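Once you've had a glance at the structure underneath, I'll fire off some questions.
The sequence lines fix the lettering, A, B, ..., with proteins before strands; numbering per chain opens at 1.
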Amino acid sequence: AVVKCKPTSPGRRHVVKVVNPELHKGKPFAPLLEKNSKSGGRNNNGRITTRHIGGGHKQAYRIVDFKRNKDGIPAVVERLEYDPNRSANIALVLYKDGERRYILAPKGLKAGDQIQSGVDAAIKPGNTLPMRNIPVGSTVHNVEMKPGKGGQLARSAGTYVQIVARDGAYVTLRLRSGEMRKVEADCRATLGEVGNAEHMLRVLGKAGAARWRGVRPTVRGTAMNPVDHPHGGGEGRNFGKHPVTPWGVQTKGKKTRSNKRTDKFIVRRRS
Amino acid sequence: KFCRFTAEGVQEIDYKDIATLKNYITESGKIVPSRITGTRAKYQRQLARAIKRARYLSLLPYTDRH
Amino acid sequence: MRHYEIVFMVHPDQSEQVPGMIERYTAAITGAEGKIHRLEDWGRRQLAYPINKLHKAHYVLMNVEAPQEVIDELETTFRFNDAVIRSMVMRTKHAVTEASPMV
Amino acid sequence: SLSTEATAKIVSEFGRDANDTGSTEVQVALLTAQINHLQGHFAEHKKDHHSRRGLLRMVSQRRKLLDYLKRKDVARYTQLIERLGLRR
Amino acid sequence: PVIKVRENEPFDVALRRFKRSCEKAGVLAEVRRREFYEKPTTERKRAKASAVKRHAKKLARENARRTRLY
Amino acid sequence: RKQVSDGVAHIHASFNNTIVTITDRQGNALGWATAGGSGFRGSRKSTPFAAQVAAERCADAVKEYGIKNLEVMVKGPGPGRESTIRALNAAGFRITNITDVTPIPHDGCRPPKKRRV
RNA sequence: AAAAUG
RNA sequence: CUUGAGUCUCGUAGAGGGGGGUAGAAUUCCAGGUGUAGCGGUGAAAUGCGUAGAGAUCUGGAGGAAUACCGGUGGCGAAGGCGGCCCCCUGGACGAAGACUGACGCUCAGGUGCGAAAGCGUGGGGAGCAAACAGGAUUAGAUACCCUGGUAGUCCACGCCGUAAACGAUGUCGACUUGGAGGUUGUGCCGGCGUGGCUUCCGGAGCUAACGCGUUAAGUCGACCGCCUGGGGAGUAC
Ligand SMILES: [Mg+2]
Ligand SMILES: [Mg+2]
Ligand SMILES: [Mg+2]
Ligand SMILES: [Mg+2]
Ligand SMILES: [Mg+2]
Ligand SMILES: [Mg+2]
Ligand SMILES: [Mg+2]
Ligand SMILES: [Mg+2]
Ligand SMILES: [Mg+2]
Ligand SMILES: [Mg+2]
Ligand SMILES: [Mg+2]
Ligand SMILES: [Mg+2]
Ligand SMILES: [Mg+2]
Ligand SMILES: [Mg+2]
Ligand SMILES: [Mg+2]
Ligand SMILES: [Mg+2]
Ligand SMILES: [Mg+2]
Ligand SMILES: [Mg+2]
Ligand SMILES: [Mg+2]
Ligand SMILES: [Mg+2]
């Protein structure tokens with residue numbers, strides 16, 4: 001549900017929460033947890049290489065099965081869980097042989113539901129199949145780019161991919177970006193859309209909530225001095241320049257993709 | 001005029017009966033008006049539904065130019 | 001239960017799978033306590049217009065009495081079966097145990 | 001609408017005979033049955049206003065019949081609203 | 001209207017057949033009526049006007065049946 | 001070039017103009033002429049006579065192909081509907097088929113608004 | 001085609 | 001008590017409503033083949049498109065929106081409204097035999113719900129059309145009509161708005177009062193003769209300022225409600 005907060009303080013007035021009563025209220029499944037300490041956006045030279053990253057809440061990493069390789073063994077959804085590491089919720093599934101795993105939670109999936117993977121799985125949300133065994137036109141998520149590599153496409157909340165065509169060894173996919181791309185038909189996909197589609201309706205409401213997610217403030221180039229940024233300077237608010245990055249590359253329209261290696265798989269750019 | 005379905009006690013017109021339905025479409029494949037063939041309104045409605053069902057199953061053409 | 005008239009059309013190159021398709025579809029119905037009242041294999045026919053760039057298909061007519069759910073399952077089977085290029089499931093007031101104009 | 005079997009069952013439960021279809025108890029029970037049944041339909045089909053008009057007609061007719069019975073025989077009214085589980 | 005010219009059928013006769021086929025199918029009327037959008041209120045008005053005037057012209061007919069002009 | 005002996009004439013007869021394309025049976029254009037391109041601009045372009053001259057010019061434009069027979073495909077409501085067919089017959093072609101191909105939607109897209117003249 | 005006013 | 005009102009039984013016709021799926025025609029776009037100098041548009045033009053190959057024609061693909069014919073002073077719905085085909089859920093109406101309840105009815109200020117199109121909010125979608133906007137014409141001017149383009153919007157989900165010449169400019173319910181020709185939908189008997197429901201046209205008495213209405217009344221009565229009181233100012237101000 002999308003819930004508006006009452007304006008009991010100015011930092012609460014514009015808050016819009018996404019509240020999901022289905023989500024587990026207890027602790028996560030410890031065997032599938034790992035530590036994940038923060039970076040501040042600094043690399044192994046100690047330098048900031050991605051600005052505006054730091055702070056926020058401590059998060060444990062959940063090991064999510066993106067490969068969905070355990071073929072032919074049915075599994076049952078035990079519960080749906082909050083995962084701090086991504087926008088999608090995740091589901092703890094118990095396979096018939098006693099193994100437990102986390103998967104991305106598709107839309108509609110609930111505790112008690114059965115899922116399966118393999119060439120002979122039924123065509124139902126949460127089931128994973130090679131895409132040569134999935135009807136053209138189907139809506140899928142967690143799509144592999146290479147066979148056996150693990151899902152890489154359409155993993156964010158509410159995202160999905162359409163299989164628009166199949167031709168010999170490849171399928172054509174319409175991605176959430178609008179790109180039409182080819183991947184080998186032996187690549188796996190999970191039926192349905194990723195759940196939590198209301199994720200985008202949330203409104204942070206205040207600076208502090210962004211800080212909680214570990215986002216540090218963005219300083220505008222124009223508010224700086226020339227030594228700091230091509231946009232800096234001026235007596236008062238001045239611009240008179242073509243907008244650029246802090247490193248001087250045009251940042252309104254200039255295209256940056258340069259991958260001749262992968263160009264053959266792009267049927268049509270996102271437009 | 002005179003209505004061939006009233007004079008035969010037809011309960012339903014049977015989209016499967018292609019031979020009968022072909023007398024109620026034109027060369028272009030269009031449903032003939034009931035004012036031309038003299039069909040009663042009740043049977044004209046049954047006949048239109050039957051023709052459309054037969055068109056769906058490709059037992060009759062929508063047009064002469066497929 | 002409800003009376004349904006079902007016509008399905010098979011890819012003419014999968015004509016030989018049709019006897020088995022009829023056997024499985026009637027097996028599901030009768031396993032749901034359903035009764036086949038009319039069954040007719042019309043065979044390959046000329047399409048009035050092309051479908052999937054085909055000009056022929058193998059028609060099968062069944063008049064069955066079945067619960068709704070097994071008919072839904074049969075429709076999902078039709079949808080996901082690449083051999084069945086078209087189908088139509090209609091309700092009927094009463095059971096139709098007769099001979100069609102095609103036979 | 002209610003099937004033949006459910007209607008007959010309600011008549012047998014609340015009437016004096018299988019022929020007692022017109023008694024206020026039978027009518028109120030039949031209306032209550034269909035109203036309760038349509039609760040699920042309108043839970044699914046919230047924008048089915050045209051059908052809801054018929055549902056609200058069932059409601060108001062049940063209210064008028066119940067008030068009639070309350071005027072006629074309060075004992076039969078109390079027994080009926082208790083068996084049917086109606087507030088009033 | 002698909003006309004196939006028949007053996008020993010001259011060209012003018014095949015042309016007349018094609019013309020009658022087009023008129024029976026009413027292709028030209030369909031194109032004329034479909035050239036511009038006619039609002040539903042306009043269409044209902046025109047249909048009603050056609051029915052009214054047809055009925056009234058038959059009234060005029062059946063009533064001039066009685067009237068002697070000289 | 002290659003000889004054909006079996007062609008299709010396509011008559012695009014609009015209210016403002018007439019276009020005659022003679023293709024082979026596979027739809028490959030061999031020649032074409034139009035009323036506008038035949039010395040007729042304006043009030044004269046949308047006349048049956050202009051369409052007839054255009055059809056004559058189109059027949060001359062495919063003479064080298066040795067086309068002997070013609071299926072005629074007539075599209076549109078314009079005045080060059082039949083005068084083109086007469087011209088094609090009178091140029092010695094053997095008309096073996098006359099077909100109307102005016103596209104008719106089975107409802108479809110909304111037409112432009114009516115003109116208030 | 002345009003075509004106001006008293 | 002059974003005649004008003006309702007319940008049950010069997011059946012009938014229906015674009016009644018909600019959800020889901022699907023078919024074929026067509027427009028547009030994208031890719032390619034053939035082909036060559038025009039296309040498009042108007043009262044006449046021009047803008048626009050086209051030798052960077054259009055228009056035309058053929059093939060393959062994408063996508064949205066609407067469902068030709070049937071189709072009808074035809075049908076259904078309280079009104080607004082509702083039109084391909086298929087399924088699922090669902091509302092009402094009508095008819096024939098009976099059986100049942102036994103005045104349980106009618107109307108309704110306030111209240112509550114529904115309520116075309118446009119519009120508004122959030123999220124989608126966007127073919128065609130098209131306010132705004134741009135250009136071309138026309139003209140004395142032309143913030144238009146006409147032309148070439150084109151954005152909201154039209155579409156979907158959910159919420160809001162609550163208004164229309166939302167009209168039959170005719171409130172709801174009931175009774176009574178000569179006819180004629182039709183439509184549509186039941187049903188009884190034997191093409192004919194009956195008998196119900198809804199509906200179109202004409203017309204008699206009567207009514208009406210007249211025009212007209214005329215058994216679906218604007219006739220003759222009864223019940224209840226809404227509303228009017230010269231034109232403007234004004235359905236405006238507060
Ligand atoms: Mg940043
Ligand atoms: Mg920012
Ligand atoms: Mg400074
Ligand atoms: Mg600098
Ligand atoms: Mg300054
Ligand atoms: Mg400056
Ligand atoms: Mg009822
Ligand atoms: Mg135009
Ligand atoms: Mg008041
Ligand atoms: Mg609207
Ligand atoms: Mg909007
Ligand atoms: Mg929107
Ligand atoms: Mg315009
Ligand atoms: Mg008003
Ligand atoms: Mg209205
Ligand atoms: Mg009125
Ligand atoms: Mg009024
Ligand atoms: Mg009332
Ligand atoms: Mg009158
Ligand atoms: Mg006001």
Side-chain angles (χ1 to χ4, degrees), chain A residues 164-165 200-201 268, chain B residues 24-26 28-35 41-42 44-45 47-49 51-53 55-56 61-63 65-66, chain C residues 4 49 68 71-72 75 79 86 88-91, chain D residues 1 4 7-8 11 15 17-24 26-27 30 38 40-42 44-57 61 64-65 67-69 71-72, chain E residues 25-26 30 34 37 47-48 51-52 54-56 59, chain F residues 8 10 12 14 16-17 19-21 23-24 26-32 34 36-37 42-43 61 73 103-113 115-117:
Chain A
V164 304
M200 49 167 188
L201 297 182
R268 164 139 64 63
Chain B
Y24 294 99
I25 68 201
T26 70
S28 301
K30 301 166 79 201
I31 303 163
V32 182
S34 88
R35 57 182 233 267
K42 186 192 203 176
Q44 181 72 25
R45 301 196 294 278
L47 154 64
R49 300 190 278 261
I51 284 166
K52 289 152 179 180
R53 289 169 190 131
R55 281 168 177 174
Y56 170 69
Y62 284 88
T63 83
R65 209 212 308 146
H66 278 289
Chain C
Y4 294 95
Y49 56 83
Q68 289 160 224
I71 292 329
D72 306 336
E75 284 199 68
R79 167 180 301 278
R86 185 156 303 179
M88 177 162 92
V89 185
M90 302 156 71
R91 277 267 305 283
Chain D
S1 42
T4 311
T7 299
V11 169
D17 208 299
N19 283 24
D20 189 28
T21 58
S23 92
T24 306
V26 173
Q27 290 188 65
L30 287 171
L38 289 183
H41 168 91
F42 289 105
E44 164 140 349
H45 304 285
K46 295 207 244 323
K47 294 337 214 154
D48 191 357
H49 301 307
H50 289 60
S51 294
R52 197 175 277 111
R53 220 179 74 114
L55 166 77
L56 296 170
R57 181 162 128 189
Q61 302 285 96
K64 298 173 134 49
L65 286 164
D67 295 323
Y68 167 72
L69 188 55
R71 209 163 73 242
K72 209 101 178 55
Chain E
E30 289 298 352
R34 281 171 189 278
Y37 185 62
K48 170 69 94 46
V52 160
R54 179 169 347 134
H55 199 49
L59 248 65
Chain F
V8 181
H10 301 268
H12 188 99
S14 80
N16 287 330
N17 204 358
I19 296 163
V20 180
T21 325
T23 73
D24 57 36
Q26 290 68 47
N28 304 296
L30 307 190
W32 64 264
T34 75
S43 38
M73 301 294 281
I104 316 269
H106 295 177
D107 248 13
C109 298
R110 166 176 191 126
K113 72 199 195 152
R115 306 176 74 235
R116 309 187 288 282
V117 227

- prompt: Using Watson-Crick (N1 to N3, and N6-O4 or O6-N4) or G-U wobble (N1-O2, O6-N3) distances under 3.5 Å, do H:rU187 and H:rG38 pair?
  reply: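 H:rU187/H:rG38: base pair absent.
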- request: Verify, without hydrogens or angle tests, whether B:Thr26 (side chain) and B:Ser28 (backbone) share a donor-acceptor contact under 3.5 angstrom.
  value: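 The answer is yes, because a donor-acceptor pair under 3.5 Å joins these two groups.
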query: Judged by atom type as modelled, is there a donor-acceptor pair below 3.5 Å linking the side chain of E:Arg34 to the main-chain atoms of F:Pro105?
result: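 Yes.
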- request: Could you measure between the two P atoms, the one in H:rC145 and the one in H:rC161, and give it in whole Å?
  value: 36 Å
- prompt: How would you label the contact of B:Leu47 with the nucleic acid (heavy atoms, under 4.0 Å): base, sugar-phosphate, or nothing?
  reply: nothing
- prompt: Is H:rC100 paired with H:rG6, either Watson-Crick or G-U wobble, both distances below 3.5 Å?
  reply: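 Yes; the pair between H:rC100 and H:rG6 satisfies the definition, which requires both distances under 3.5 Å.
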task: Please measure how far the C1' atom in H:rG105 lies from the corresponding atom in H:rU172, and state the result in whole Å.
output: 14 Å
- prompt: Under 4.0 angstrom, heavy atoms only, what part of the nucleic acid is D:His41 near: base, sugar-phosphate, or nothing?
  reply: base
message: Need the pucker for H:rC167. North if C1'-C2'-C3'-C4' is positive, south if negative.
response: south
- request: Determine the interatomic distance between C1' on H:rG194 and the same-named atom on H:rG92; round to the nearest Å.
  value: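 It works out to 30 Å between them.
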message: For a quick check of understanding: with a heavy-atom distance under 4.0 Å over all strands, which category does D:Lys47 fall into, base, sugar-phosphate or nothing?
response: sugar-phosphate
message: Students often get this wrong, so: under 4.0 angstrom with heavy atoms, is E:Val52 touching a base, only sugar-phosphate, or nothing?
response: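 Base, at least one base atom sits under 4.0 Å.
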query: Expressed in angstrom and rounded to an integer, what is the separation of B:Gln44 atom CD from H:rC69 atom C1'?
result: 10 Å
task: Pick base, sugar-phosphate or nothing for B:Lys42, based on heavy-atom distances below 4.0 Å to the nucleic acid.
output: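 Sugar-phosphate, backbone atoms only, no base.
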query: Hey, does B:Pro61 reach any base, or is it just sugar-phosphate, or nothing, if we go heavy atoms under 4.0 Å?
result: nothing
query: Do the bases of H:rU9 and H:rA97 pair up, Watson-Crick or G-U wobble style, with both gaps under 3.5 Å?
result: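 Pairing holds for H:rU9 and H:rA97, meeting the Watson-Crick or G-U definition.
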query: How would you list, by chain and number, every residue that makes a salt bridge (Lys or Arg N to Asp or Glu O under 4.0 Å) with C:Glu75, sequence neighbours excluded?
result: none
query: Atom CD of D:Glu44 to atom P of H:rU90: distance rounded to whole Å?
result: 11 Å
message: Heavy-atom nearest nucleotide on RNA chain H for B:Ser28 versus C:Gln68: which residue maps closer to 5'?
response: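 Whichever sits nearer the 5' end wins; that is B:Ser28.
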message: Taking any heavy-atom pair under 4.0 Å as a contact, classify D:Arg53: base, sugar-phosphate, or nothing.
response: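 The residue D:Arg53 makes base contact.
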- request: Please state whether the phosphate of H:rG183, meaning OP1 or OP2, lies under 4.0 angstrom from any side-chain nitrogen or oxygen of B:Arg35.
  value: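 Checking B:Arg35 against H:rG183: no side-chain N or O falls below 4.0 Å of OP1 or OP2.
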Geometric stacking, H:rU42 and H:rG43, six-membered rings, under 5.5 angstrom and under 30 degrees: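 Stacking does not hold for this pair.
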query: Which part of the nucleic acid, if any, lies within contact of B:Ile25, taking any heavy atom under 4.0 Å across all strands shown: a base, the sugar-phosphate backbone alone, or nothing?
result: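 Nothing: the residue B:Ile25, judged by heavy atoms under 4.0 Å, touches no strand.
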field: N/O donor-acceptor pair under 3.5 Å between C:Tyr4 side chain and C:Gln68 backbone
entry: no
message: Using only atom types and a distance under 3.5 Å, with no angle test, would you say the side chain of B:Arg65 pairs donor to acceptor with the backbone of F:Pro103?
response: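 Checked: no pair found.
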query: What is the glycosidic conformation of H:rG121: syn, defined as within 90° of 0, or anti?
result: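 Anti, since the glycosidic angle lies more than 90° from 0.
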message: Checking understanding here: a glycosidic angle within 90° of 0 is syn, the rest anti, so what is H:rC104?
response: syn
query: How far does the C1' atom of H:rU122 sit from the matching atom of H:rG141, given to the nearest Å?
result: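 To the nearest whole Å, 47 Å.
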task: Name the nucleic acid region contacted by C:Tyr4, choosing base, sugar-phosphate or nothing; use a 4.0 angstrom heavy-atom cut-off, strictly under.
output: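 Sugar-phosphate: the residue C:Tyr4, judged by heavy atoms under 4.0 Å, touches backbone atoms but no base.
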task: Respond yes when some side-chain nitrogen or oxygen of F:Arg115 is under 4.0 Å from OP1 or OP2 of H:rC147, and no when none is.
output: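 The answer is yes; a side-chain N or O of F:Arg115 sits under 4.0 Å from OP1 or OP2.
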D:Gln27 CD to H:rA99 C1', straight-line distance once rounded to whole Å: 14 Å
message: Reading RNA chain H from 5' onward, which residue's closest nucleotide shows up sooner: B:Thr26 or F:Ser43?
response: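 Nearest-nucleotide comparison on RNA chain H picks F:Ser43.
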statement: To the nearest angstrom, the NE2-P distance between D:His50 and H:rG14 comes to 19 Å
- request: Using the torsion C1'-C2'-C3'-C4', state whether the ribose or deoxyribose of H:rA78 falls on the north (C3'-endo) or south (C2'-endo) side.
  value: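 Pucker flag: north.
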D:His49 NE2 to H:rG92 P, straight-line distance once rounded to whole Å: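 Nearest whole value for this atom pair: 17 Å.
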field: Spacing of the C1' atoms in H:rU178 and H:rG183 (rounded, Å)
entry: 24 Å
query: Which part of the nucleic acid, if any, lies within reach of F:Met73 when heavy atoms closer than 4.0 Å are counted: base, sugar-phosphate only, or nothing?
result: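 Answer is nothing: F:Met73 stays at 4.0 Å or more from every strand.
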task: Check the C1'-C2'-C3'-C4' sign on H:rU122 and let me know if the sugar comes out north or south.
output: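 On the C3'-endo side: north.
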query: Using the P atom in both, what is the distance from H:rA31 to H:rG38, to the nearest Å?
result: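 Here H:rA31 and H:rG38 have their P atoms 26 Å from each other.
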- request: Could you tell me how the ring of B:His66 sits relative to the ring of B:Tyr62: parallel (under 30°), tilted (30 to 60°) or perpendicular (over 60°)?
  value: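 Taking B:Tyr62 first and then B:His66, their aromatic rings stand perpendicular (interplane angle over 60°).
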Protein-nucleotide distance (D:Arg52, atom CZ; H:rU112, atom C1'), rounded to Å: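 Taking CZ of D:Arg52 and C1' of H:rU112, I get 14 Å after rounding.
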message: Roughly how many Å apart are H:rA97 and H:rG11, using the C1' atom of each and rounding to a whole number?
response: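 So the two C1' atoms sit 12 Å from each other.
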query: To the nearest angstrom, how far is B:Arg49 atom CZ from H:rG84 atom P?
result: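 Rounding to the nearest Å, CZ of B:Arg49 and P of H:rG84 are 13 Å apart.
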task: Mark up nucleotides 22-41 of chain H, 5' to 3', with B wherever a protein heavy atom is under 4.0 angstrom from a base atom, S wherever such an atom reaches only the sugar-phosphate, and - elsewhere.
output: SSBBBB-----BBSBSSSBB
side-chain N/O B:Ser34 vs H:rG71 OP1/OP2, d < 4.0 Å: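 Yes.
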Phosphate OP1/OP2 of H:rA5 contacted by D:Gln61 side-chain N/O (<4.0 Å):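 No.
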query: With sugar-phosphate meaning primed atoms plus P, OP1 and OP2, does D:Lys64 contact a base, only sugar-phosphate, or nothing at under 4.0 Å between heavy atoms?
result: sugar-phosphate
Nearest heavy atoms of F:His106 and B:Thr63, plus distance in Å: CE1-CG2, 3.6 Å
Separation between the P atoms of H:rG80 and H:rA165, rounded to whole Å: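 Per the computed distance, 13 Å lies between those P atoms.
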query: Between H:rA68 atom P and E:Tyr37 atom OH, what is the distance in whole Å?
result: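 To the nearest whole Å, that distance equals 13 Å.
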